[PDB]
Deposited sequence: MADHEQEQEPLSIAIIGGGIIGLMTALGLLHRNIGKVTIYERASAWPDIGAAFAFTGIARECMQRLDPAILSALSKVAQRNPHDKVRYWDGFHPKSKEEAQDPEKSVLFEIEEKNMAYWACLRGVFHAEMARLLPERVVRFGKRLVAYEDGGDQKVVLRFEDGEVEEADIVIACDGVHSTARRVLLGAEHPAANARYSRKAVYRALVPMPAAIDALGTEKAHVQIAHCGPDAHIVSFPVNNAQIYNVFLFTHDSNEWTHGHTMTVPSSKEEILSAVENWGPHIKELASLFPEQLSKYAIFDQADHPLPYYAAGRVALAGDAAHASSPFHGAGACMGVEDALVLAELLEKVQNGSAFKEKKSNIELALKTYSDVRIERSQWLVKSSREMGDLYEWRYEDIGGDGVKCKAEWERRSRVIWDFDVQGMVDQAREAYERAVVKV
């Protein structure tokens, strides 16, 4: 019975494990470095396509999402100019200050918190699956015997198949390519995000009631803001994205403390309505650096009996929806290919190589485009600046690549490519 080891029990490793279990594939173990589930505060938007894939992995995943997720009641999102308005009245005037309007019905976002979603999937696993305190630090893959896994606690395990879902700073990715391969380390994208909860009446004062009661965006030079009423409208959530003209001075460390005054200087020259909104921010807050794999995409996702999936393979900026969206497609391809293997060593190798061959172009395209979408919202992308007609045309062309996609076609293409090679 195929021994399958999944490295890291994040969103994609859970989905990958649940997909293989749903199909009764081999024996599945998840090795998770942390002693218990890491507490990660993060907000996600899953596309309709991602949810199709969830449903094919294990319907209970989609049932779990649908009970914790919220959808925007309005399909249309207006992108407002936060920079040029000189008065609150100009800033609220849709005829003067709306750069463009996006119709999101095709993406069909569902928003949820990573923690609650992750927990709803965790309880779907049998207790025997997850092994905490198992930080993978190296492995040996070769010869006519299982992969040998080595953990930081001195223990050693073996597996026929390794799927590394160990995140943006994947250890398995560096073992696989070499710690000095250009693609071994994800890099700062130069976008950082600050988040804040602020009282609805203060938001109303700053933005006017019509803007504050719906999901909106504000664009401007080197920054953009996403903000929306929360739950029953007693509170207003603000997501402030900023470009960094400095390189990251911390390590792989992604959340660092910052003072409210980095925010204020970012929107120093913006309309009065954004300055006032930025003021409502706490004075200590956590800055989150967005790392991705745009500068040096991986040459491949698999070698021998080891495959990378999720952020370990294609960490992405969030401007086309969660980076996890592409990881869900990885998990589905992997489940469908390993089912073929079960129904040897060279079979395993071919499956993971097929996985890589079929997933790499679309997922690396997504890393590149979501990077560029962040620049567009911040008037840094090529010539376009703040031309709203050009930004809107870019949003529609890029999003169509994502949502206008044949999921069943992907499954059948991977299964057939495998069948021919075997």
- Item | Coordinate gaps, deposited numbering | 1 to 9, 353 to 358, 438 to 440
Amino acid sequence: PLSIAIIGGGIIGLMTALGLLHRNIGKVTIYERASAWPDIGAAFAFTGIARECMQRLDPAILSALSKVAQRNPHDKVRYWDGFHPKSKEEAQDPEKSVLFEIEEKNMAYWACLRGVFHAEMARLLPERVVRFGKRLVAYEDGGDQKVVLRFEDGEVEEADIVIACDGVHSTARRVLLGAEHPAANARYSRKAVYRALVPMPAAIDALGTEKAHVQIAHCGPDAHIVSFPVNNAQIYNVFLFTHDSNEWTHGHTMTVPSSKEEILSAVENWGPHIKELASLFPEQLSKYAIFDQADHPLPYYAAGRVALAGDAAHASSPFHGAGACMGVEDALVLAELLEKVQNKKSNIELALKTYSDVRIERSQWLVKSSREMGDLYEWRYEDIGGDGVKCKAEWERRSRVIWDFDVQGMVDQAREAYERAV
From here on, numbers count along this sequence of modelled residues.
- Message: Quick check on the record: does 202 to 210 or 326 to 334 carry the larger mean Cα temperature factor?
- Response: 202 to 210
- Message: Mean CA temperature factor from the deposited coordinates, higher in 38 to 46 or in 373 to 381?
- Response: 38 to 46
- C-alpha B-factor winner, where the candidates are 221, 299, 142, 73: 142
- Message: So if I compare the CA B-factors in the entry for 295, 244, 166, 160, which one is the largest?
- Response: 244
- Item | CA B-factor placement of residue 126, once the chain's modelled residues are sorted into thirds | lowest
- Task: Going by the recorded CA B-factors, say which third of the chain residue 387 sits in, lowest, middle or highest.
- Result: highest
- Query: Looking at the C-alpha B-factor of residue 2, is it in the lowest, middle or highest third of its chain?
  - Reply: highest
- What third of its chain's C-alpha B-factors does residue 182 belong to: lowest, middle or highest? middle
- Task: Using the B-factors in the PDB entry, rank residue 408's C-alpha atom against the chain and give the third, lowest, middle or highest.
- Result: highest
